[PDB]
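Worksheet: the structure to be examined is printed underneath.
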Amino acid sequence: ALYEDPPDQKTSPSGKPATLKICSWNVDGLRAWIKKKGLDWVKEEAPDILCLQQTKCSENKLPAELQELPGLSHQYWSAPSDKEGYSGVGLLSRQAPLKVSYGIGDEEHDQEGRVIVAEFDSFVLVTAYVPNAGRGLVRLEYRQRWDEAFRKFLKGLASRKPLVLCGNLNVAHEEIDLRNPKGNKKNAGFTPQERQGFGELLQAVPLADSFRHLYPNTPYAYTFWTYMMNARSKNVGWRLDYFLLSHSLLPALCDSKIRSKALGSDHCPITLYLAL
DNA sequence: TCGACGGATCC
DNA sequence: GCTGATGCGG
DNA sequence: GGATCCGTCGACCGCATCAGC
């Protein structure tokens, strides 16, 4: 079935107006995504913070258009140490952060340009491109090690400041989170190991799944569709892109959106409204 | 994500 | 710059 | 022995690389 995202709720559970708009987008090729009008859609949407994953573009080759975004003037990028065209993430912000960090503090997990950490006044933002378990599950063993290291890192962070985590987490948590759960239990992104990892991450940090907390029983809400088989036009998709929040931020939560109609990638953008 | 292959089983 | 092959993705 | 039924498999889309000029 096809999905319409409900209207943006911009007031908190206590009616505070939203003060912060964060958009996350796994662009799957920054240069292509710009040619496909992605920055235009970003301008229409006008977020305070914009997080990009799977940029596949080293720092040298960053397009010029990115320096024409004055609402996102503070810009940070991470590319793999020695794998061109692969992975990559960016964080662009209206206001400068207090401090920015790359990686999670673990050598084996910090070589593929997957994590940027931006500390602001009242919270810390992490944007992440989690490793795919791979076709045939070649990297499932690796992914389990990452999941544990990432969880351990996020727990540390959330013990010092309220934490917002966004990006492609490369798992559909539950059967409601993808169109074809039955035929995907052995495929990357819906293995029990990946689902267990996600569950443990929600419990251990702890974090709440912003979208599922507001729409706990809403089916067919996905952030990714394979380019093949006309899957997007059939809404045969997976929810892979999340905003996970520290529980303290839940009364700051105004809404968590799926921007289903924005084209430019095999992921659509997600948007988070907080009253901070 | 399909649809095509089997091999398997049941009426 | 252009072809043709390969890596990677969920 | 004709149909139906499940695991298993291999190709499609798209972006960016690399090898070779």
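Chain letters run A, B, ... following the sequence lines, proteins first and then strands; every chain starts at 1.
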task: Provide, to the nearest angstrom, the distance between the NZ atom belonging to A/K186 and the P atom belonging to D/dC9.
output: 10 Å

task: Remember a base hit wins even if backbone is also touched, and classify A/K83 as base, sugar-phosphate or nothing at under 4.0 Å, heavy atoms.
output: nothing

task: Would you mind classifying the nucleic acid contact of A/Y129 as base, sugar-phosphate or nothing, using non-hydrogen atoms under 4.0 angstrom?
output: sugar-phosphate

query: How would you label the contact of A/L178 with the nucleic acid (heavy atoms, under 4.0 Å): base, sugar-phosphate, or nothing?
result: nothing

message: Regarding A/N170, tell me which of base, sugar-phosphate or nothing describes its non-hydrogen contacts under 4.0 Å with the strands shown.
response: sugar-phosphate

message: Output the pairing pattern of DNA chain B as a dot-bracket string, 5' first, Watson-Crick or G-U wobble with both distances under 3.5 Å, | for cross-strand pairs, [ ] for crossing pairs.
response: |....||||||

Where at least one partner belongs to residues 142-151 of chain A, residue pairs that pass side-chain hydrogen bond (donor to acceptor under 3.5 Å, both in side chains), sequence neighbours excluded: A/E108-A/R145, A/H109-A/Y142, A/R143-A/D147, A/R143-A/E194, A/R151-A/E200

Taking only nitrogen or oxygen atoms into account, show me every contact under 3.5 Å that the protein makes with nucleotides 11-15 of chain D, one pair per line with its distance.
unit_1, atom_1, unit_2, atom_2, d
D/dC12, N4, A/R135, NH2, 2.8
D/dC15, OP1, A/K36, NZ, 2.9

A/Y222: partners by ring pair (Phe, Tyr, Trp, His ring centres under 6.0 Å), with sequence neighbours left out: none

query: Nucleotide range of DNA chain C contacted by chain A, 5' to 3', under 4.0 Å to a heavy atom?
result: C/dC8 to C/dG10

- request: For A/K182 and D/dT8, give me the distance from atom NZ to atom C1', rounded to whole Å.
  value: 17 Å

- prompt: Can you pull the contact range of chain A along DNA chain B, 5' to 3', using atoms under 4.0 angstrom from its heavy atoms?
  reply: B/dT1 to B/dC2

- prompt: Which heavy-atom pair separates A/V205 from A/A158 by the least distance, and what is that distance?
  reply: CG1-CB, 3.6 Å

message: Once you apply a heavy-atom cut-off of 4.0 Å, does A/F190 come out as touching a base, just sugar-phosphate, or nothing?
response: nothing

Whole-Å distance separating the NZ atom of A/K61 from the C1' atom of D/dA16: 9 Å

- prompt: At under 4.0 Å between heavy atoms, what does A/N168 touch on the DNA or RNA strands: base, sugar-phosphate, or nothing?
  reply: sugar-phosphate

